[PDB]
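So you can see what is in the structure, the chains are spelled out below.
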Amino acid sequence: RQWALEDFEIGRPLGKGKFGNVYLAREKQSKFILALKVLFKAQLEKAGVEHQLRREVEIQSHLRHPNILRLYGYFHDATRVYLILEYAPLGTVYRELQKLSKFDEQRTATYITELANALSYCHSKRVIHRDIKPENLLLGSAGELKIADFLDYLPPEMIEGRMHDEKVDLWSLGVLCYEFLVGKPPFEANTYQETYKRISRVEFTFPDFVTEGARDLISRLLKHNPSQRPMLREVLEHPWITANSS
Ligand SMILES: C=Nc1ncc(F)c(-c2cccnc2Oc2ccc(NC(=O)c3ccccc3Nc3ccccc3)cc2)n1
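Per-chain numbering applies: from 1 upward along each written sequence, possibly unlike the entry's numbering, with residues missing coordinates excluded. Only hydrogens and water are set aside when side-chain values are computed; all heavy atoms of the structure are taken into account. Residues with missing side-chain atoms are left out of burial classes, side-chain pairs and their counts.

What the deposited record gives as its method is X-ray crystallography, and the resolution it gives is 3.20 Å.

Written as structure tokens, this is what we have:
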């Protein structure tokens, strides 16, 4: 409960980014094996996100799920800040997606279920999410997927703030599923302008090898109007999902 850097025996550099570096680590006390991010407050300031982090570490800490990367604890010295995190032994879905180019109908559906499961929990524990990427998806030991993200003159459209923020994740789920099945995201193009074009006008096209159940689901998630995309529950109960999830 009262953490210091010499409570930890340090292993191999696990990669860097963005403010800090991650190392492999072990609790001298419980010999428990975990990752450790090392953020520098100097690097947080020249990016103005010190309070933003502390804010989110308090949110993160109260999220226990097999499909969400577990944060165990945190601490600091004057120069450095440390985050004690679940080591995902099997690499990212990015690296793996490059190794396999695309995934099988079942590998994709299982991954969607897990995401959906995790996202539902967040929605339930009152914490909505923005965008999910393959690069932000880590892999546990048993192939399991881990989200590792980080007046009186005022009108109605300014006091109701952000109306539909819950529904972004369903778009993300649509996009992801596609990339998993195809190897590329659905509005990927050459110019940034042509990508912007296809995202705005919702312009994606399934190559022939894609199944119907997938085309059906993906289309339902990728609706222009946010309030038309299925609620997470429905994704878990989709013919295609309920036929490949395990
Ligand atoms: C190879 N497996 C593996 N396992 C665990 C790992 F952490 C990593 C890893 C290695 C190198 C770089 N990144 C890695 O993954 C992550 C992914 C997410 C995080 N999460 C955070 O850094 C974070 C968690 C809770 C709260 C805040 C966090 N960061 C944050 C920083 C600034 C502002 C806001 C949030 C940490 C490491 N890699």
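Picking up where we left off.
Caption draft 1: Region of interest: the UniProt feature "active site" (unreviewed entry) in the protein chain. UniProt positions are given in the numbering used here, feature names are shortened, and annotations may be inferred rather than shown by experiment. The feature "active site" (unreviewed entry), as given by UniProt, occupies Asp131 in the numbering adopted here. Runs of E in the DSSP output that reach at least two residues are strands. Runs of H or I that reach at least four are helices, and both are numbered from the N terminus. In this fold, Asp131 is placed in the loop between α4 (105–124) and β6 (137–139). Beyond its immediate sequence surroundings of up to four residues, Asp131 is in contact with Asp149 and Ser172. In this description, contact between two residues means that some pair of their heavy atoms is separated by no more than 4.5 Å.

Caption draft 2: Looking closely at the domain arrangement of the protein chain. In this entry, domain limits derive from an automatic or database-based domain assignment. Looking at the protein chain, the domain boundaries give domain 1 (3–91) and domain 2 (92–245). If you look at the interface, domain 1 gives 16 residues, while domain 2 gives 21 residues. Tallied by class, the residues present in the side of domain 1 that touches domain 2 amount to eight nonpolar, five polar and three charged. Following the grouping adopted for this structure description, the nonpolar residues are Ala, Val, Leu, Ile, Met, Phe, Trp, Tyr, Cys and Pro, the charged ones are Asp, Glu, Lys and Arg, and the polar ones are all others, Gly among them.

Caption draft 3: Summary view of the nonpolar core. Residue types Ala, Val, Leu, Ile, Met, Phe, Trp, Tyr and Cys, when buried and joined through side-chain atoms within 4.5 Å, form a set referred to as a nonpolar core. Each residue is assigned to one of three classes by its accessible area relative to the maximum for its type, calculated with a 1.4 Å probe on protein chains only: buried under 20%, partly exposed between the two thresholds, exposed over 50%. Counting 40 residues, the largest nonpolar core has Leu115, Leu137 and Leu173 as the members making the most contacts within it. Within the residue set of this core, elements represented by two or more residues are α3 (93–100), α4, β6, β7 (145–147), α6 (168–182), α8 (212–221) and α9 (232–236). In terms of residues, this core owes the most to one element, α6, which gives 10 residues. Those residues in contact with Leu137, other than ones at most four positions away along the chain, are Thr92, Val93, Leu115, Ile132, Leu145, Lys146, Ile147, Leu176 and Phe180. In this structure, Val49, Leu83, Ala88 and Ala148 belong to the second largest nonpolar core, which totals 11 residues.

Caption draft 4: Broad picture of the UniProt feature "binding site: ATP" (unreviewed entry) in the protein chain. The positions UniProt marks with the feature "binding site: ATP" (unreviewed entry) are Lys18, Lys37, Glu86, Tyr87, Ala88, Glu135, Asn136 and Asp149. As for its placement among the helices and strands, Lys18 is situated in the loop between β1 (8–13) and β2 (21–27). Turning to its location among the elements, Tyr87 is positioned in the loop between β5 (80–85) and α3. A polar contact of 3.2 Å, which involves the side chain of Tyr87, links it to the side chain of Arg12. Polar contact is defined as a pair of N or O atoms within 3.5 Å, subject to the rule that within protein one atom must be able to donate a hydrogen and the other to accept it, and that residues adjacent in sequence are counted only when both atoms are side-chain atoms.

Caption draft 5: Unusual backbone geometry, seen in detail. For the bond running from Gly17 to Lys18, omega is 0 degrees, close enough to zero to count as cis. For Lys31, which is not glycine, the phi dihedral falls at a positive 50 degrees. One can find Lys31 in the loop between β2 and β3 (33–40). What makes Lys31 exposed here is its relative accessible area of 63%. In this structure, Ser101 takes a positive phi of about 60 degrees despite not being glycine. Topologically, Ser101 is positioned in the loop between α3 and α4. On the basis of relative accessible area, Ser101 is assigned to the partly exposed category, the value being 46%.

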